[PDB]
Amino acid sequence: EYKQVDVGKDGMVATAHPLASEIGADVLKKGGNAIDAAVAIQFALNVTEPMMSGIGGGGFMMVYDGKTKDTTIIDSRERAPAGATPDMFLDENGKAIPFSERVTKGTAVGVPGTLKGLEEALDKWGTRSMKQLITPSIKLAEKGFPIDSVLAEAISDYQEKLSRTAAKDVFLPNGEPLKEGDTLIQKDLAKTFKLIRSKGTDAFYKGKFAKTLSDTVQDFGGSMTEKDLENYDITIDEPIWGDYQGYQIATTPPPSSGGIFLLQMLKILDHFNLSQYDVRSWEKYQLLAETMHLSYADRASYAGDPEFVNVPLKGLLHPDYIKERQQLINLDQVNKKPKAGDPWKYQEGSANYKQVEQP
């Protein structure tokens, strides 16, 4: 039966769902490579962990190429449509639309990039066709699979928003949320996958599917058009690298805030050498907490899409800046007013945006 830790001589797959891990492992066992397996996995997760990811969203796929030895990122982050505007999430009085409500609006839908990113990946490193790789997920969607406790919970927990769209025909069968044990069948999704299998991503970014999605986003209030989908292209990002304990870390650059701040928190913590303290000591937690407070403050002030704003990446990781931040941390007291620092002092240029508190 399925394991949460395994070893292998010829490869390895680790995913949040057994059926997706089985599909990706099947691809490797039959001779395909990690990228082929990853694409297979993404379609499988789209079907079996539907509330978590899919061709309706986007992601960051980092790939180390064993042939060329280079590491790159297929950035499939969604883009706001051309009709989106800076205050689209504010009400008529200038106040933000309550979050839980904001989440269900058409204006919240980004132009999906996942399918485009899988296409790009296969194009660069694939050894199996999208046709071969998507087929096992067409079967899970078409013929179904039994849902566990978790998916059953998500369904009940989100019944209200699901009950408001066509999504209720799949997850809220008659008027009831599918329960653990029930078979989840996704016939329309299987149809879409079969269209992608024969037509390619054009099946998604152009044609009829494009028009229905665009039309639906409009029906729920957003401004997405067919041209927005026609305009979409993923981005190929270079990893941000950092030296750490003798290792080199390749992580995600903006539009993600992840890579910069993972590196910044590690550099900040270096001054305090955590392992001199027991892993569950209050000291270790105290230091992680104070470090997170500084880095998340910097994230909130300086992180954004780099095609649009100047993110002071060199400054946020500059050793003297890191030293300034480490200076603010004390084992024996809490900084009750943690604030972003000034990384611009350690690099050229200035922000082309302001500091605006968010609700």
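Residue numbers run from 1 along the displayed sequence.
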Seminar exercise, completed: For 98-106 versus 270-278, entry-based mean Cα B-factors point to 98-106
Exercise. In the PDB record, does 123-131 or 243-251 carry the higher mean Cα temperature factor?
Worked result: 123-131
Exercise. According to the deposited entry, which of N330, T291, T68, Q42 has the largest Cα B-factor?
Worked result: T68
Seminar exercise, completed: Based on the PDB entry, the highest CA temperature factor among the options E283, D237, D148, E78 is that of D148
Seminar exercise, completed: Here the Cα B-factor of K187, set against its chain, lands in the third termed middle
Seminar exercise, completed: Chain-relative C-alpha B factor for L263 (record values, thirds): the lowest
Seminar exercise, completed: Of the three thirds of the chain ranked by Cα temperature factor, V111 occupies the middle
Exercise. Once the chain's modelled residues are ordered by C-alpha B factor and cut into thirds, is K211 in the lowest, middle or highest one?
Worked result: middle
Problem set entry | Entry-reported Cα temperature factor of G54, expressed as the chain third it lands in | lowest
